[PDB]
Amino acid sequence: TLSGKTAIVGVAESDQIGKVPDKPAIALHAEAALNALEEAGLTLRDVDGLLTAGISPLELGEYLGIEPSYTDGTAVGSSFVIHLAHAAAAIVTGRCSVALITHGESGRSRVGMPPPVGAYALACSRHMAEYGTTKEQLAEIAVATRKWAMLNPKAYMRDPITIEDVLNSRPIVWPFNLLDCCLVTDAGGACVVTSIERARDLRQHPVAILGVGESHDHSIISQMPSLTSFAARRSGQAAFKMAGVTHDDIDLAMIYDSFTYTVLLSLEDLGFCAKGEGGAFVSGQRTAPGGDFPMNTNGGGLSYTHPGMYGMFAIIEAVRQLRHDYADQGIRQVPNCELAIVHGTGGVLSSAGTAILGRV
């Protein structure tokens, strides 16, 4: 019953992303915030809620020069969509009314900073041995996601690639090659949330927060998960249930892609395909532009931007697709974008957050 009562009214990245020398994390957050507010037709003066990942809410509020009634920070740790849930709750209960959420860091340049892949590699290799998942099937994800990156001016990688290019790319930690792994960029991202009522009186087509789920395993666990993230299953189910929609109603999937494997497994854990059959699911470029299952339409962490484990960049693109922001630009726009799912599996497959958003 938090479902539908709040909406995203503004989304923005920092002024620049990718390689941004000399701009610290706090500045990247600030820019994104200002940009998201202006898009909605609001200003810093309207903001009374501040939620952050990559920087302290105290520090950022001071830097923007605001004194919000509600704050929420992230433990330094991941944050995908938990801030949407916290913001919606804070609005409904009236601890705030205009919630500003900001993510990001100077991942590449590490401006103003003082001078675990093996586990994912092992999980992937186990999936390969247990289910017959192939390097070729995992490469499809990189290839399809790169095709989306080519349609996006802000994407860091825009050279087209083939399955073979991926297999021949530089090995990092077996079975991952370079094109199986996310980028390391400088980037800030931000969005603004209000009540659905107040959202109807603002500039952009509103995007309703319809379902959120979050879960993590106990801090003490005897075995690193491998073949499935139970946390992702739990968060997925709660989001579907809160929203009261089906898998078939989903028009767009944004899925955190620290690795090609992370995407494949998340699709399985979310229940878009059966356990062990994610490889077949992604084949035939099903997720590329014009395919049956559009995924990571901005280019994702693999080819667009990735300053760290942050869900805001996926949220931003999901909103844009849902508002039909890309109407002009042909295949870039996802056909009939009514419902989108945003998901991230983090930790060591030990945490996850899932959100369902809708074109009101």
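All residue numbers refer to positions in the sequence shown, first residue = 1.
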**Asked** Counting only residues of the deposited sequence, how many between residue 76 and residue 77 have no atoms in the entry (none, 1 to 3, 4 to 9, 10 or more)?
**Response** 1 to 3
**Item:** Higher-B stretch (mean Cα B-factor, as the entry records it), 136-144 or 214-222
**Value:** 214-222
**Prompt:** Is the mean CA B factor in the deposited entry higher across 97-105 or across 195-203?
**Reply:** 195-203
**Item:** Given 312, 322, 51, 28, the residue at which the Cα B factor reaches its maximum
**Value:** 322
**Request:** Pick out which of 175, 236, 189, 114 has the highest C-alpha B-factor in the PDB entry.
**Result:** 114
**Asked** Of the three thirds of its chain by CA temperature factor, lowest, middle or highest, which one includes residue 342?
**Response** lowest
**Chain third (lowest, middle, highest) by recorded CA B-factor, residue given as residue 40** = highest
**Request:** Give the position of residue 353 by CA B-factor within its chain, expressed as the lowest, middle or highest third.
**Result:** lowest
**Item:** Chain thirds of CA B-factor: placement of residue 251
**Value:** middle
**Asked** Would the CA B-factor of residue 126 place it in the lowest, middle or highest third of its chain?
**Response** lowest
